Each structure stands twice: as structure tokens, then as C-alpha cells.
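Protein chains in written order, with the deposited numbering: chain O, 1 to 88, 95 to 103, 105 to 148; chain T, 2 to 115; chain 7, 2 to 65; chain F, 1 to 209.
Following: one structure in C-alpha cells, then a few remarks.
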Amino acid sequence: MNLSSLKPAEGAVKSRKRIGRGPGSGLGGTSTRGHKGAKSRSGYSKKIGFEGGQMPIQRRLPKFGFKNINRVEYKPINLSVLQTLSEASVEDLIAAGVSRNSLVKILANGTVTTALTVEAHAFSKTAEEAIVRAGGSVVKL
Amino acid sequence: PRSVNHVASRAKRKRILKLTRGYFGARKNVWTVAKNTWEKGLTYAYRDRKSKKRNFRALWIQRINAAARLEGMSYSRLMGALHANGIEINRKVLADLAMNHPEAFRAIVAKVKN
Amino acid sequence: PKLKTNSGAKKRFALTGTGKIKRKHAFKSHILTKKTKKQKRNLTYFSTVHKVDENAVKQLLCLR
Amino acid sequence: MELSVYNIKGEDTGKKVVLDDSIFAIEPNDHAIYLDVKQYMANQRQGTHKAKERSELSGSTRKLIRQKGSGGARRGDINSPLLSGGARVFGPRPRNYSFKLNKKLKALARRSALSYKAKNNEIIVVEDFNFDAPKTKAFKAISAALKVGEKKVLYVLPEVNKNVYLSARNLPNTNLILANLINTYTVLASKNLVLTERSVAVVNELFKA
RNA sequence: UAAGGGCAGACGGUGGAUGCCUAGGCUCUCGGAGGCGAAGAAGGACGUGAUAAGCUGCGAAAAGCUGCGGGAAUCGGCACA
RNA sequence: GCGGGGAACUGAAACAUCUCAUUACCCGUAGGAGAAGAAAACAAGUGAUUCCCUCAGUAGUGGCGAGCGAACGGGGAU
RNA sequence: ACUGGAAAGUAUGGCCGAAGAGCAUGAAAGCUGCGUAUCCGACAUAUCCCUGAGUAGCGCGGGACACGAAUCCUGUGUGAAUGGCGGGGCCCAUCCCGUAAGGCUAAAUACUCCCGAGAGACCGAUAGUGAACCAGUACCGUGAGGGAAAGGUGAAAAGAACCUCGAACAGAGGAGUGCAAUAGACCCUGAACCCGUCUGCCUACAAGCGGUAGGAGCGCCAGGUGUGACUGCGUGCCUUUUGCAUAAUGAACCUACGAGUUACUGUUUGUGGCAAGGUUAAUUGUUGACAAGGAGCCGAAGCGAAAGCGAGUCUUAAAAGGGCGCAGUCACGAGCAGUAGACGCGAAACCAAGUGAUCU
RNA sequence: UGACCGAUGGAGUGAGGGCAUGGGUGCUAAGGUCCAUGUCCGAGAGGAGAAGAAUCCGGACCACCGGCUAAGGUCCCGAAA
RNA sequence: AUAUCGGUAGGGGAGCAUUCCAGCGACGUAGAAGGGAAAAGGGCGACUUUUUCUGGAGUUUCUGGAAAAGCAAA
Ligand SMILES: [K+]
Ligand SMILES: [K+]
Ligand SMILES: [K+]
Ligand SMILES: [K+]
Ligand SMILES: [K+]
Ligand SMILES: [K+]
Ligand SMILES: [K+]
Ligand SMILES: [K+]
Ligand SMILES: [K+]
Ligand SMILES: [K+]
Ligand SMILES: [Mg+2]
Ligand SMILES: [Mg+2]
Ligand SMILES: [Mg+2]
Ligand SMILES: [Mg+2]
Ligand SMILES: [Mg+2]
Ligand SMILES: [Mg+2]
Ligand SMILES: [Mg+2]
Ligand SMILES: [Mg+2]
Ligand SMILES: [Mg+2]
Ligand SMILES: [Mg+2]
Ligand SMILES: [Mg+2]
Ligand SMILES: [Mg+2]
Ligand SMILES: [Mg+2]
Ligand SMILES: [Mg+2]
Ligand SMILES: [Mg+2]
Ligand SMILES: [Mg+2]
Ligand SMILES: [Mg+2]
Ligand SMILES: [Mg+2]
Ligand SMILES: [Mg+2]
Ligand SMILES: [Mg+2]
Ligand SMILES: [Mg+2]
Ligand SMILES: [Mg+2]
Ligand SMILES: [Mg+2]
Ligand SMILES: [Mg+2]
Ligand SMILES: [Mg+2]
Ligand SMILES: [Mg+2]
Ligand SMILES: [Mg+2]
Ligand SMILES: [Mg+2]
Ligand SMILES: [Mg+2]
Ligand SMILES: [Mg+2]
Ligand SMILES: [Mg+2]
Ligand SMILES: [Mg+2]
Ligand SMILES: [Mg+2]
Ligand SMILES: [Mg+2]
Ligand SMILES: [Mg+2]
Ligand SMILES: [Mg+2]
Ligand SMILES: [Mg+2]
Ligand SMILES: [Mg+2]
Ligand SMILES: [Mg+2]
Ligand SMILES: [Mg+2]
Ligand SMILES: [Mg+2]
Ligand SMILES: [Mg+2]
Ligand SMILES: [Mg+2]
Ligand code: NA
Ligand code: NA
Numbered sequence: 001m002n003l004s005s006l007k008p009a010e011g012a013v014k015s016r017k018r019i020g021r022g023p024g025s026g027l028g029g030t031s032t033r034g035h036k037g038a039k040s041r042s043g044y045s046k047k048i049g050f051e052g053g054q055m056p057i058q059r060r061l062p063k064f065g066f067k068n069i070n071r072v073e074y075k076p077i078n079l080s081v082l083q084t085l086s087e088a095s096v097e098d099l100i101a102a103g105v106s107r108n109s110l111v112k113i114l115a116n117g118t119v120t121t122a123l124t125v126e127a128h129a130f131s132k133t134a135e136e137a138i139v140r141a142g143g144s145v146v147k148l
Numbered sequence: 002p003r004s005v006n007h008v009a010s011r012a013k014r015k016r017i018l019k020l021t022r023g024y025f026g027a028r029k030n031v032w033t034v035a036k037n038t039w040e041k042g043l044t045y046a047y048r049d050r051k052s053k054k055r056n057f058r059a060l061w062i063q064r065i066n067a068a069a070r071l072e073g074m075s076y077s078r079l080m081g082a083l084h085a086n087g088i089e090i091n092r093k094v095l096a097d098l099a100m101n102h103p104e105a106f107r108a109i110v111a112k113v114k115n
Numbered sequence: 002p003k004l005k006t007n008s009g010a011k012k013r014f015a016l017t018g019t020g021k022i023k024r025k026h027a028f029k030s031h032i033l034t035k036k037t038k039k040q041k042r043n044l045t046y047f048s049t050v051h052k053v054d055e056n057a058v059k060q061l062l063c064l065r
Numbered sequence: 001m002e003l004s005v006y007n008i009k010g011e012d013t014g015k016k017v018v019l020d021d022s023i024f025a026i027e028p029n030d031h032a033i034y035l036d037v038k039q040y041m042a043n044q045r046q047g048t049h050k051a052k053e054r055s056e057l058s059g060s061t062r063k064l065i066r067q068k069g070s071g072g073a074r075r076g077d078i079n080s081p082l083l084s085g086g087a088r089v090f091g092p093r094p095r096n097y098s099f100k101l102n103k104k105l106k107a108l109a110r111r112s113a114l115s116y117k118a119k120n121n122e123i124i125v126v127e128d129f130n131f132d133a134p135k136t137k138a139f140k141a142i143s144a145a146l147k148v149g150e151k152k153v154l155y156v157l158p159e160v161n162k163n164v165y166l167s168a169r170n171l172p173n174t175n176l177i178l179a180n181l182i183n184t185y186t187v188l189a190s191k192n193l194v195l196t197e198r199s200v201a202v203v204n205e206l207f208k209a
């Protein structure tokens, strides 16, 4: 093609909807609005959370809980991912192949079966047991 | 950009005004009166295309009745005899023969007047 | 401008892993006693938002 | 692919040049080309257009006639769109027509355009040349020797080349562009594409993969 | 018999639509500049021409006065002199 | 630009706290810009002001209603 | 050379190009004019030991801070210290940070009455500024104030000597100019509603939305066209309604004008690019385009109010006894939503600053 | 039959009315009023009943100067004894 | 092949015209746009072609793009 025979992909573009332009279009007259009432007027909007005067659900259910402003959240890395990284080094925590300046926690999802030297901020008990069974090392910092 | 379709807008009215020719008074040339008259006529034309078949069948039946009563039979008796003898000539052909070919109509009548 | 979150909704609702909305149970009568000890149904278990009432809590929490 | 270099006066010097297959020998993406051309034109747009709404007309806000008893239609202020010389409802507003395309999409579109040219055999490679003085007749002679004077031609140069640019400035169906500034619209706008020996290397090293 | 009337065509009238046109608007970009005035401002009044001045310019030295630099045949502002 | 006064219609499906809004408007007074600016600071190491992108519709606040709504940190201009 | 009133048009054939931007010229010009690319040019005139007291702090009443009672401010009443004091969201202790009650300071930021150079998938005379022209004019009002309409002969005025009718150009018919006067001053083009004349056909025994379907005769230019004796059927249209010929609403007619738009943020979907990754924002370089910018955002683990544990987790003394859990991302187009006047016209009113006692 | 059910995008409606049946109310009145079960008008043209929203017959893709029927009819207006 | 194709509110699909833009093709004083008359055409339609008179200088096809994108009633 060139600039004189441009073509988009089939179904990529579509004409917009135009209302109030006659009977043949199927969208004239009342222009998809119905007949009367509040919803047919210019400038109508929905009051969000308004149910006609009944007590709304966000007011009749109770508030619960509190959030911790000093919350430590780790990033879950599993043993199967650790194996995948190990298969094309031994000393792990390279993190350049994945997080970006965060705390990491090793969890037990697959298996290791290979001697690693995994270093991470925190570990699971099953993770440490699996590393020991595979004949590896755990460094926690 | 600013788009106004002056020529197309006027041509649409002029085409319909060409069809409203011959009407009475303002109905021939005054746009909102002429357009109103034209569409009612179109509904009339739709109904009249249906009623034309009824009218022409009634005319054929009346002419056949006259010719058969000349021959000494009524329309209903002639049609009963025709259907019993199983000939498939329709009412338009029978009326055309009755008005223009009386010898052929006489032949049809004599075949079934047994 | 960006859509604003409803403050009461953000204090009353939470999201789960599958995208379901969980909530606390309001009491029928909040004066316990003269109500059967089976009030653990509305006193112990978090419930979910009914599918019919859904999309309203979503619009309250900015369709999240 | 492999291309034969021509000299200034259109003779095959015999030296051959290699173009990257990942640039010049792919299956082009028509939708990518369409998107890139649309983005180029929308970025060229200057949306300086405006009409006056009701709040920016110059008439006063006084009610023209009393509400009841006059016998005509009820009227408010003079700036109403129903009145002659009134407000322009939903007219144009100043606009920014720029939109975003992914970098990989734009790169794929550029490669697709170059591959279209290479497949349709509208790419020719000439030797690098300099002009001692600006000479439109010299540039015209080069174009006629290369047989790209009948239609629109785009020259791709590796460096500034002030004299060459001045020589090519006044000719109608010729355009000049640096190799590192190649874009899909500029490639597609011209019928023929003349690369130089160093331009081939620059395009190959910069727009590969 | 058409007093008059109806329809169509042709040709006119009125009216000023449409098409084509315009430096009069609109929105911006870049660079400057960001004040005038008691040494009398902004904005006005009254004058000023060969022939009445409606604009423009000018101020009783009044469509104007002087010097230096540019330039070379017409000029004596505009509303069909 | 800075400063002195300062509404109401409206929204909350009524309305008084709240909102509209430290808006409209009135008044005073600069400059080519003005204001701010060099820690009795933020924080839980950074290092004067100003402006842009994020943080974030988050922390909070609120007839905890309608609504309002940061800062620290990071990336820049200088 | 051709056409033409007139070539810049067409067709040959040449030439310049650091100049093929443009405007004008009797139609559309690289080579007719002014210009353009490029180069050159200014006599002046401008511009470039000591350490901040009615202080810190405090009581009462208020205000600003995102905050509707920690920080900062103060009307009223009080009132120290010289390592001390202040802050880290009520209050105490430890710790950390800083050094109030004195002042000045460029840059990056906001705006356009004005001057200069440019631009537009902006308007083209009921549009676009109210104002293309005599425009804040005419007109209206005591006043504050409100506020229009109105562009186009022709390339060139060559803007019609003279004749005829007529009291007169009032107007016209000629002559003449001109490509054209049915371009003649209101002058390009010259539509509709509305108003006439001529020609053809019909019409003075006939009765309802005025048409529609049949169908003689007459009349024109070779199968088309005008009219139409006579026959059948037929209570306009819009809106609003359970339901309208309705005696419910609405319109004199024509031409022109007139009402779901745009921005941002969500969400769904059609089509695409990458893909366990996806994508840059402000901004920065080289010349709108290429290149750089990874800050940030989503995804990649969940459960629990939370500490926390983790393909588990919560509840329990303990139990599956029960609850919740064991391919994305970035765009382009489209639908919908919210916030903005948000599809258009229409109140009675409320508030602020002014103008009016020439009437009464 | 085919559209029943899930999940998702977009709605409109939330003034109904007549007839038949079972009832309440009223006066075993109302073209009354309130419910239930069907149906039609609403949103539905065509045929018969002189002319009638919902009574009887019957659900219109378009054309035809073809044929058969439904309700109801066959002396004339008016098709057929 | 069979079936289906009455429709208000309303949902869905596919297109015509208008103004301007890019690319590619064209037309015009041997007569453009506009105005009058006539003729033909389109699964269907919005509309499109052709001839002639007036007019006397601009217009248009195809593909894609963007909207001041269509009136009978307020
Ligand atoms: K300062
Ligand atoms: K010239
Ligand atoms: K003329
Ligand atoms: K002209
Ligand atoms: K005329
Ligand atoms: K008739
Ligand atoms: K009435
Ligand atoms: K007095
Ligand atoms: K009867
Ligand atoms: K009969
Ligand atoms: Mg509909
Ligand atoms: Mg309507
Ligand atoms: Mg309505
Ligand atoms: Mg209603
Ligand atoms: Mg409604
Ligand atoms: Mg309104
Ligand atoms: Mg009308
Ligand atoms: Mg007002
Ligand atoms: Mg206007
Ligand atoms: Mg519009
Ligand atoms: Mg006429
Ligand atoms: Mg003197
Ligand atoms: Mg001199
Ligand atoms: Mg209220
Ligand atoms: Mg000649
Ligand atoms: Mg001309
Ligand atoms: Mg105007
Ligand atoms: Mg006289
Ligand atoms: Mg003429
Ligand atoms: Mg004229
Ligand atoms: Mg009689
Ligand atoms: Mg008679
Ligand atoms: Mg009623
Ligand atoms: Mg009726
Ligand atoms: Mg009414
Ligand atoms: Mg009326
Ligand atoms: Mg009426
Ligand atoms: Mg009207
Ligand atoms: Mg209701
Ligand atoms: Mg109801
Ligand atoms: Mg009733
Ligand atoms: Mg009854
Ligand atoms: Mg209804
Ligand atoms: Mg029905
Ligand atoms: Mg019926
Ligand atoms: Mg029969
Ligand atoms: Mg049907
Ligand atoms: Mg249908
Ligand atoms: Mg002609
Ligand atoms: Mg045009
Ligand atoms: Mg198109
Ligand atoms: Mg419009
Ligand atoms: Mg119109
Ligand atoms: Na007559
Ligand atoms: Na549709």
C-alpha cells in the first residue's frame, strides 16, 4: 500500500452514534430518552448512592476494621520460580532478571532438588525445610 | 470546518415539488402543504393497488353474468358447471370472450350446458 | 478530573482475590438478648455483596 | 537483501551493499502503517478554531419581554441561540490532536514501510557525493542519470551536506532527509527512494530488530 | 355562451436565496516591550484647505515649519472633481 | 501580583452545621514581574525558596452526609 | 502557432534555478511588473563576657491551616528563662532534630493594552467581533444603560453625444460604448413565497382533507406529453394520551437561522503491539521528526480488623466442622457513566454594586 | 422449537383500557371502582356489521387486470340464487 | 434447503449526502460552480448520472482522515 490506498484492519474503526436526526435512523424524535420524567431533561445526572429515599446500603451497613500505617508487605517468590531462574548461577537474589527495590519472601510452591544459596529478607518454614532437604543454604537479611 | 448543505437541502425539496404538479391551490407549490398532500396520496396508492384486483374481478364477474344470462344460465350455475367439468379458464379470459368473442363464449357454454 | 471515591463506601467495603466485595452484617435489632444466640450469622461471618446490589458499590468505589 | 551501487552518472561500479533482512525483508503490517500515518497527520494538525458560546456573547442578560401577557413566545436574554445573531451552540473549541502510539508499534511501522519499498523495487543505492558550490543543474543531472526525475523521489543522506541541500531545494518532486530521522510517512510519500552508501549503514545499525 | 374560475407550458415582475469573491473577524506561535502625566496626561471642545467640511491630519507657525541621511519624477490625504 | 472587606442563588433531592467560596463584587496599592526564600525545618536519613510530573483521589477530614482533600519520598526545570 | 474581447491556457521549441514563496497584470505566469534565493548598506538617535521582652508560654473568645477544636495568628487579661528554649498531632519521661522574638536576595513561575514577524484539515456578509460599510454610529431612555441595519457595474467610466414620444428623461424606444446594457447606476449570479400576460384542454344541475386507482374525448411533439367528461375508494399533519376527524395543543406562507458537543477520569467491547512482563510522565539531546528519560503505574499470592502466617489463612482448647483463596499490559476506534451550563428555549425569585424625587 | 438458564454492554416502562369468567364494593346501578385468570387495543393494517380502539373473521416483505376460502351473504343501490 | 420478514418506547446492523485535509488521478473561456427544463438509473433508499438553455470562473473521481455533518411544527 501507499498513502493513496490506506486501509485499517477489518472491524478496527466504527462510526459513532448520532441521535435526533430523523425517523429513518431509528434515533430521532425523543432521541433514545423516552417521554417524560427527570431522566429525559437536559442536565439530568444520577446521584451516586441514591435509591429514591430508601436508606442506602453504604449507610445501613456498618464500618469495620482499621488499616496499619506502618505495614510491612513482602513480595512472594516461590521455589518453582527460583528453579526457573537457577536454570540459566547458584548465589540467588540477583533480582535483575523480578522486583524493584523491595522486600522478598520465599514460599513453597514447587520443589528445589538442587543446592542453592538463597538469600532473601524472609522465609517460610516449609521453604527452609525444602532448601535443607535439597541440600542448600538460607541467608536471611 | 463549517458545513452547510444548501444545494442538497434545496434539491431535496425541488424533486418532490416536481411530483406535486397538478394539485389544487397551495397544495401544488407551497412546500409544507405540498409535502403533506403527497404522502397521504402515497398511502392511498398503496391501498388502491390492493383494491384494484377486487374491482377488476367484480367487473369480470358482472360481464360474465350478463353473457351467461343471454345464454340462458346464471353466473353461479355456469361457474358450478365449469368447475364440475374441470376447465381452468379464468374470469378475465371469460369476460374478454364474453365482450369480444361471443361465438367462443357460446362454445364454452354449450360444452358444459349438458 | 479523576473520579472521587465515596468515603463511607471506602470505609465499609473491601475487595477479595476474585473481585468479590465483602461486607459486615447489619443487625436486624442491634439490642442483643430478645434475639436468639444464632445471631452469629450476622455477628461473626463477613458476607458478600449481592449480585443485584453490585455495580452500585462498584460505582461507589470507582468501578473497582 | 543485496543491492548494486550506482555512481553519480548511473553506471554500475560493481560494489555491492547489504541491507538488513529484519528491516527490509519482513511481512509489512498494514494496520501499523495506517496508525503511524494517522499519528503523523494528527501531530501536524494545529487546532486553532473557536466559536462563541452563550456565556461569551456581548449582549446583556436582561429579560427582553415579560413572562406572561404579551401574546408571543416567552423570551429570556438576547444571547439565545434561537435568535438571529445569537449564540453558537456546540461549536468548535481549541484542541490538541496528538495521541499516543507504542514505540514498538512505530518501529514496526517504519520497518514495514521500508520493506514495502524494497519489495516493490523502488530503492536504489548511490555513492556519497559532495558539491563544491550549490548547483541545481548538477543535482538535476544526478537525478536524471539515476532515472528518478519522472516521479517523486526521496534522498536519504547521512550528514548535513549544506551544498547538496541547497542544490536540491528548488526541484519540485524531490525531498531530502537524514537517515536517523526516517519516518513512515516520509518513506511512503515518495515513489522512489535513493539511499547512499553510508546511509545504508546508518539505517541498518539504527533501525534493526 | 365563457362573466369568471381550474391545471400545464412559455415569457415576464417582485424579492434577494444560492454559487463565486473579499483582509473584516477568530484562535494561536516566536521575539520584544510593559506604562502616559504638573516640562500638564487619557479623553474631549473649538478651529485650520482655492472652493461647505463628513472623516483623516495638524494647532493662530494650524492637510502644516527646520536640519541631517535615503531616493529620483512627479506631487498638492480619503469620501469616483 | 499583594492586601482590606465580602454575598446569594445552588448542592445536601426540604434545611440550620456543611457547600457554593477564603468565588462574584467593592476598595487600596506595586513591578516588569510580584509574592516566597536560607530551618527554634522535615522526618524516623534529606537539607533555602518557586514551578512541572508522580506519590494520590492515598493519609485524613466530614449532620463520617453531600462533599473536601494533603504532606513525606522519588524524577525534573533552576 | 491555435482558441479567444483579452493568454499567463493548449501545443511546439528554449532558458534560469542558493530564485518553482507570493501578489498584480483584460482567463491559470519560474522567465511581464512588484518581488523571491543570495549578497551589500547608517549622517544622527536609541538598545545590548556577649546572643533580638510586654517577646516565649498561659486563661477566655475567635480565625487560617485539607481539617467543622497538633501547628500558626490575635481581640481581651496576664507573663519567664540566658547552657536554656522550641518541635516531633492531646499529657509525662527518654531519644532525635533545631536555635524564635532583626533584615535583604537572581533563576526556573503568571499575563498581553501595545510593537514586529508568522501560522491555521478556523469564518466568508442572518457566518465571523455588536461593528468588512457612516459603529458603540443611527435609534431608545431623565439617567445609569441598551443597541441595530447596511459589501460585489465593468478589464477599463469607455457611466450612454445625438434622434423620437412626452410639460418634463417621469419613463421608454433607438443610436453609440462595451465580450456582454436582459452588465445602465437599487447595476455579478438572480431561487422560493407572492403577482401578471399569452397559448392548449376543462368548467354555469353541481355537495365534504381536494388526493388516489380506473377511464372517453380534445390538443401537441411518434411513442411520448398537456388536459380531463364520467366511475370506485378516501374525516390533513404534529404533539399528548386508556383513547383524538376531534369542538384537546400548534403553525399565515416562503427563503435563511435553530437544539446530545468537547475536555478529563472510570468501565465494557471491536482491532492491534509486545508478552512474564507491559508501558513511560515531566523533561533532555541532535535536527515536527528521531533518540533518550524506569521516577511512577498495573501484573506477578492469598487470608486475617491487626500483629502476622503463607497455598494456605481466619475461627477453635482441636478439628474441612465452616468462610475466603490454591496472562497480562499499553494503545487506537466505539457504547455507557460522573464532573464541567453538558440536548435546546422558558420562570416566579435571591444577592452585590450603582442610577433615579424634571412624574408623584 | 429453538430460545430456557449463567455472566456481561445498552435500555425503555413503573397514568393503562375494553371484553369474558370468579369475586368484593355500590343499589346483583354506572362507558363506576378494587383484585384474580385469559384475551385483545395499547404497539395492529385487511373483511362483515350503514357509519364504532379493543364484538365476529383474520396477523400486512414487495409486485400481479390469476385461483381457493373465513365471518357474513346471493331483488336493486352492492359481488353472488 | 427450510423457515422467517405488522410494529410505539427502546436495542442492534449496514449505508447516502455536506464542508475541509493527505495521497493518487482528472476536468475548465472549444465554457467551472450556481439557476431553469428534460431524460435515465439504484437489492431498496438516503441519492447518482446524461442532454440542453442561462451563467461567465472555478470544479471534481477513488482510498483514507476530521467535523460548525441533514428541519415541518419549539
Ligand atoms: K521579592
Ligand atoms: K513575474
Ligand atoms: K455582468
Ligand atoms: K465577475
Ligand atoms: K427573475
Ligand atoms: K378527484
Ligand atoms: K382549550
Ligand atoms: K420638584
Ligand atoms: K345498524
Ligand atoms: K349484486
Ligand atoms: Mg424506535
Ligand atoms: Mg416528531
Ligand atoms: Mg414530549
Ligand atoms: Mg408519564
Ligand atoms: Mg423515563
Ligand atoms: Mg434549563
Ligand atoms: Mg410550516
Ligand atoms: Mg442577570
Ligand atoms: Mg454569531
Ligand atoms: Mg453539531
Ligand atoms: Mg421567474
Ligand atoms: Mg506663536
Ligand atoms: Mg534631502
Ligand atoms: Mg437543597
Ligand atoms: Mg484569434
Ligand atoms: Mg473573467
Ligand atoms: Mg454581522
Ligand atoms: Mg416631475
Ligand atoms: Mg442575462
Ligand atoms: Mg442582476
Ligand atoms: Mg336535478
Ligand atoms: Mg353542465
Ligand atoms: Mg383524558
Ligand atoms: Mg378515530
Ligand atoms: Mg397543553
Ligand atoms: Mg392556532
Ligand atoms: Mg387542530
Ligand atoms: Mg415557521
Ligand atoms: Mg409511581
Ligand atoms: Mg401505577
Ligand atoms: Mg372503567
Ligand atoms: Mg360492570
Ligand atoms: Mg402510550
Ligand atoms: Mg397486539
Ligand atoms: Mg377492523
Ligand atoms: Mg369460489
Ligand atoms: Mg407477517
Ligand atoms: Mg419489521
Ligand atoms: Mg454554455
Ligand atoms: Mg466550492
Ligand atoms: Mg471519504
Ligand atoms: Mg447543523
Ligand atoms: Mg432549511
Ligand atoms: Na377565464
Ligand atoms: Na443502528
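C-beta atoms are modelled at their ideal positions from N, C-alpha and C, and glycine is treated no differently.
Rounded straight-line distance, which links the Cα of residue 57 (chain F) to that of residue 83 (chain F): Near 12 Å, if we compare the C-alpha coordinates of residue 57 (chain F) and residue 83 (chain F).
Can you name the residues of chain O whose CB is closer than 7 Å to the CB of residue 65 (chain 7)? Neighbours of residue 65 (chain 7) across chain O, judged by C-beta separation under 7 Å, do not exist; the nearest C-beta is about 14 Å away.
Residue range of the unbroken beta strand (DSSP E) whose run includes residue 27 (chain T): For residue 27 (chain T), no beta strand (DSSP E) encloses it, and the DSSP letter there is neither H nor E.
Min CB distance residue 63 (chain O) to chain 7 below 7 Å: In terms of beta-carbon proximity, residue 63 (chain O) lines the interface with chain 7, with at least one pair separated by less than 7 Å.
Which residues in the same chain have their Cβ closer than 7 Å to the Cβ of residue 76 (chain O), if we skip the five residues on either side of it in sequence? Contacts found: 112, 114.
Which same chain residues end up closer than 6 Å to residue 136 (chain F) when comparing Cβ atoms and leaving out the 5 residues on each side of it in sequence? Shown here for residue 136 (chain F): same chain residues with a beta carbon closer than 6 Å to its own, the five before and five after excluded, namely 167, 170 in chain order.
Would DSSP call residue 80 (chain F) helix, strand or coil? Look at residue 80 (chain F) here: in three-state DSSP terms it is coil, with no helix or strand label.
Boundaries of the beta strand (DSSP E) in which residue 196 (chain F) is found, first to last residue: Following the DSSP letters along the chain, one finds residue 196 (chain F) inside the beta strand (DSSP E) bounded by residues 192-196.
At a Cβ threshold of 7 Å, is residue 34 (chain F) touching chain O? Taking Cβ atoms only, chain O reaches closer than 7 Å to residue 34 (chain F), which makes this a yes.
Can you tell which of 78 (chain T), 80 (chain T), 40 (chain T) has the C-alpha that lies nearest to the C-alpha of residue 20 (chain T)? Cα-wise, what sits closest to residue 20 (chain T) is 40 (chain T).
Give the DSSP-derived three-state secondary structure of residue 34 (chain F) in the structure shown. Helix.
Within 10 Å of its beta-carbon, does residue 27 (chain 7) have 16 or more other beta-carbons around it, so buried, or fewer, so exposed? Its Cβ having fewer than 16 others within 10 Å, residue 27 (chain 7) is exposed.
Residues in the segment 34-59 of chain O with C-beta within 7 Å of chain 7's C-beta atoms, listed in sequence order? If the cut-off is 7 Å between Cβ atoms, the segment 34-59 of chain O has 48, 49, 57, 58, 59 near chain 7.
So, with DSSP's three-state summary, where would you put residue 98 (chain O)? Correct three-state label for residue 98 (chain O): coil.
So, for residue 27 (chain O): in the same chain, excluding its five sequence neighbours on each side, which residues have a beta-carbon less than 6 Å away from its beta-carbon? The answer, listed in chain order, is 19.
Report buried or exposed for residue 44 (chain O), applying the criterion of at least 16 other Cβ atoms within 10 angstroms of its Cβ. Under a 10 Å Cβ-count criterion, residue 44 (chain O) is classified as exposed, with fewer than 16 other Cβ atoms of the shown protein chains found around its own Cβ.
Look at the Cβ atom of residue 198 (chain F), then the Cβ atom of residue 128 (chain F), and state whether they are nearer than 7 Å. A contact, by the Cβ cut-off of 7 Å.
Listing by chain order, which chain O residues have their CB less than 8 Å from the CB of residue 101 (chain F)? By Cβ distance, chain O contributes nothing, its closest Cβ being about 14 Å from residue 101 (chain F), past 8 Å.
Output, in chain order, the set of chain O residues within a Cβ distance shorter than 7 Å of residue 188 (chain F). Those are 2, 3, listed as they occur along chain O.
Paired residues, beta bridge with residue 95 (chain F) - DSSP: Answer is 47 (chain F), bridged to residue 95 (chain F).
Give the list of continuous alpha helix (DSSP H) stretches no shorter than 4 residues that lie fully inside the segment 109-164 of chain F. Counting only runs of 4 or more, we get 136-146.
Does DSSP put residue 49 (chain T) in a helix, a strand or coil? Residue 49 (chain T): helix per DSSP, three-state reduction.
Taking the CB atoms as reference points, tell me whether residue 115 (chain F) and residue 153 (chain F) lie closer together than 7 Å. For the 7 Å CB-CB criterion, residue 115 (chain F) and residue 153 (chain F) do not form a contact.
Check residue 124 (chain O) in the structure and name its three-state DSSP category. It is a strand residue.
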